[PDB]
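A.B. asks:
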RNA sequence: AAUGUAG
RNA sequence: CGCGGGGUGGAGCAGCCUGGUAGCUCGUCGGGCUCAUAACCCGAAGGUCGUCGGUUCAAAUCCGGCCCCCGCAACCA
RNA sequence: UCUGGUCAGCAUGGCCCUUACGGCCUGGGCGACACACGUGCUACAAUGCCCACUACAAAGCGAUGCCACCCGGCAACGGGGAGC
C-alpha cells in the first residue's frame with residue numbers, strides 16, 4: 002500500500018490513513034475519497050487492486066507530496082537569502098519569524114533551555 | 002480541543018466562524 | 001640555540017679529524033666566503049656570535065649563509081667528579097670543521113663591507129680563516 | 002508634554018484614525034468613557050459630587 | 001533550630 | 001650533583017601494581033525555604049590527567065625526554 | 001500604622017530649562033532576547049475526541065449601529081436588503 006514513496010498506511014480506516022502522508026491531511030483526503038468514490042470506513046487491509054491504482058492515480062498526479070513538496074518549501078526559505086528580507090533573518094538566527102515575544106517563550110523554535118547564567122548581587 | 006482552529010470547539014472558544022463552524 | 005630537532009642517539013663518541021673537507025669546500029651561494037684553514041670543533045655559541053657580528057656590521061643589510069651545522073653533541077662530566085660511572089652529560093653541540101670548509105658566505109654587499117664583516121667573524125672563531133671570491137668553484141660542464 | 006497635547010486632541014486634522022478621545026476635565030487620554038467624556042478619576046470624583054445626573058452608587 | 005551596616 | 005615521592009574539574013584526594021568506565025568532599029551555577037542571610041531541600045555545570053615523544057588496535061594508566069614541587073644522603077680522614 | 005503609593009491624572013511650596021529640558025513632523029522604539037521569576041490559557045486524552053440531529057439560560061448591547069432574510073464564495077467575508 003505504498004502510495005507516496007517511503008509512505009505506506011495499513012489496517013486503518015483509509016480516510017485518516019492518507020493523513021500519514023506529508024502533503025495530505027483530513028481535507029485533501031475526504032476530497033479524494035468522493036472523487037474516487039470509495040467508502041473511507043473500509044480498511045487498507047481490504048480493497049481491489051483496481052481501487053488501489055485508482056486512488057494513487059488521482060493523488061500522486063494532482064498535487065505534491067513528500068519529497069518534492071518538502072524540497073520546495075526549503076528553496077523558498079533559501080530565497081529569503083536574497084539581499085536578505087526580514088523573514089530571511091529569524092530563519093538565519095532560528096528565532097520566531099512571525100512577530101512574537103522572544104523575551105519569554107519561543108521554545109518551539111529554540112531548543113530547550115540553555116540556562117547558562119552567572120549573575121551577582123551583594124556579598125558585603 | 003479549545004485551540005484546534007480546525008474544529009467545532011476551536012472556533013467556539015475563539016469566537017469566530019468558518020468551514021469548521023458554519024454561519025447559520 | 002642551534003641544534004638538531006631530533007637525534008637518533010643522545011650521546012656520541014668523539015672520534016678524530018683526518019685532513020681535507022670532503023665537501024662544502026667551494027662557494028655555491030653568496031659572493032664571498034670565510035674558509036677554514038685548520039680542523040676544529042666549532043661550537044654553536046661561536047657560529048652564532050660570528051654570525052651576529054656579521055649582521056651587526058652591515059646592520060640588517062645583505063644576506064648570510066651558515067654552512068656548518070652543529071649536529072655533534074658535547075658531553076662533560078659534572079664539575080669536581082672523578083672517573084667512571086658512564087659517559088658525561090651533554091653540554092652543547094659542535095660542528096666538525098676541516099681545512100678548506102667554507103663556513104660562511106655573503107651576498108648583496110660591497111667588497112669593503114664584506115672583507116671587513118668576515119674578518120670580524122674570523123676573530124670569533126677559535127681557528128685561522130681565509131677570505132674567498134668565486135674562482136674556478138663552478139663545477140659545471 | 003501635556004498642554005500642547007490636550008490642544009492637539011481638540012482639532013481633528015489628519016487621517017480620521019488618529020481622532021482619539023481625551024478626558025475633558027483631566028488632560029487624560031487613557032481610560033475615558035466616550036459617554037461621559039471623562040477620565041476614570043474625573044468620572045469617579047464628579048459622581049461623588051452628584052454632578053452626574055441619575056448616576057448612583059451601585060450595590061447588588 | 002544562628003544572624004539583621006551608621007546615623 | 002647523590003638516591004625517592006608527587007603533578008587529575010576552582011581547593012583537597014581516589015583511579016595508575018591489575019591499559020579500554022575519570023570517582024569523592026567542599027566549592028560554583030540555576031531553582032526552592034525566609035521579610036532577608038546563613039543552615040537545609042531540588043537540579044545542573046565544570047578536567048587539555050604538568051609536558052613532547054615512543055608502545056599498543058587503544059594510554060591518566062605501560063615506556064622513555066625536558067619543565068616544576070616536596071623528602072632523604074652527603075661518612076673515614 | 002507603614003516618613004506606604006501617587007508631583008506621570010489633576011492640584012501644589014520650592015528648585016531647574018526658556019532658538020531649548022518648550023513646540024511641529026517623518027521614521028524607529030516601547031513588541032528587542034543566552035537567560036530567570038510572577039499571573040495566566042491550551043493540553044497530555046475513552047467520565048475522551050470527532051461528525052450529523054435536537055433541546056433549557058441570564059445579563060447586557062445596538063443609527064455615518066446591531067443586521068433578519070436572500071445571493072457570491074469551502075470560509076473569513078463580499079454583494080443586495082426587511083425591520084429598528
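Residue numbers (the UniProt record's numbering), protein chains in the order written: chain A, 2 to 125; chain B, 2 to 25; chain C, 1 to 141; chain D, 2 to 61.
All C-beta atoms, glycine included, are put in the ideal place defined by N, C-alpha and C.
(1) Excluding five sequence neighbours on each side, which residues of the same chain lie with their C-beta closer than 7 Å to the C-beta of residue 51 (chain C)?
(2) Between the C-alpha atoms of residue 83 (chain A) and residue 5 (chain B), what's the straight-line distance to the nearest angstrom?
(3) Thinking C-beta only, is residue 131 (chain C) closer than 8 Å to residue 115 (chain C)?
(4) Return the chain-ordered ranges of every alpha helix (DSSP H) run that is complete within the stretch 8-77 of chain C and spans a minimum of 4 residues.
(5) Three or more C-beta pairs closer than 8 Å, one from the stretch 67-75 of chain C and one from the stretch 84-102 of chain C: is that the case here?
(6) Taking the alpha carbon of residue 18 (chain C) as the point to measure from, which residue in C:117, C:140, C:41 and C:62 has its own alpha carbon closest?
(7) Per the DSSP calculation, residue 96 (chain C) is bridged to which residue(s)?
(8) Mind reading off the beta-carbon distance from residue 105 (chain C) to residue 27 (chain C)? Whole number of angstroms is fine, and I expect it under 8 Å.
(9) Would you please state the rounded distance, in angstroms, between the beta carbons of residue 30 (chain A) and residue 16 (chain A)? I believe it to be under 8 Å.
(10) Would you kindly check if the distance between the Cβ of residue 95 (chain A) and the Cβ of residue 111 (chain A) is under 8 Å?
(11) Measuring CA to CA, which of D:44, D:22, D:4 and D:17 is closest to residue 35 (chain D)?
(12) With residue 102 (chain C) as the anchor, note down where its beta strand (DSSP E) starts and where it stops.
(13) Would you grab the beta carbon distance between residue 62 (chain C) and residue 108 (chain C) for me? Rounded to a whole angstrom, and I think it's under 8 Å.
(14) Provide the residue(s) that pair with residue 25 (chain A) in DSSP beta bridges, ordered along the chain.
(15) Contact defined as beta carbons within less than 8 Å: I believe residue 1 (chain A) pairs with residue 11 (chain A). What is the distance between those atoms, to the nearest angstrom?
(16) In terms of DSSP beta bridges, what is residue 40 (chain D) paired with?
C.D. replies: According to the structure shown:
(1) Here the set comprises 64 and 66.
(2) Each residue's Cα considered, the two are about 35 Å apart.
(3) Yes.
(4) Complete alpha helix (DSSP H) runs here, min 4: 44-57.
(5) As far as the Cβ criterion goes, the stretch 67-75 of chain C touches the stretch 84-102 of chain C, which means the pair count is three or higher.
(6) Among C:117, C:140, C:41 and C:62, the Cα nearest to that of residue 18 (chain C) belongs to C:41.
(7) BP columns for residue 96 (chain C) point to C:41.
(8) The Cβ separation is near 7 Å, so the contact holds.
(9) Residue 30 (chain A) to residue 16 (chain A), Cβ: 6 Å. Contact.
(10) It is a contact, given that the beta carbons lie within the stated cut-off.
(11) Residue 35 (chain D) has its Cα closest to that of D:22, out of D:44, D:22, D:4 and D:17.
(12) For residue 102 (chain C), the enclosing beta strand (DSSP E) begins and ends at 102-107.
(13) Between residue 62 (chain C) and residue 108 (chain C), the beta carbon gap of about 4 Å places them in contact (Cβ cut-off 8 Å).
(14) A:22, per the DSSP bridge assignment.
(15) With chain A covering only 2 through 125, there is no way to say anything about residue 1 (chain A).
(16) The bridge partners DSSP lists for residue 40 (chain D) are D:33.
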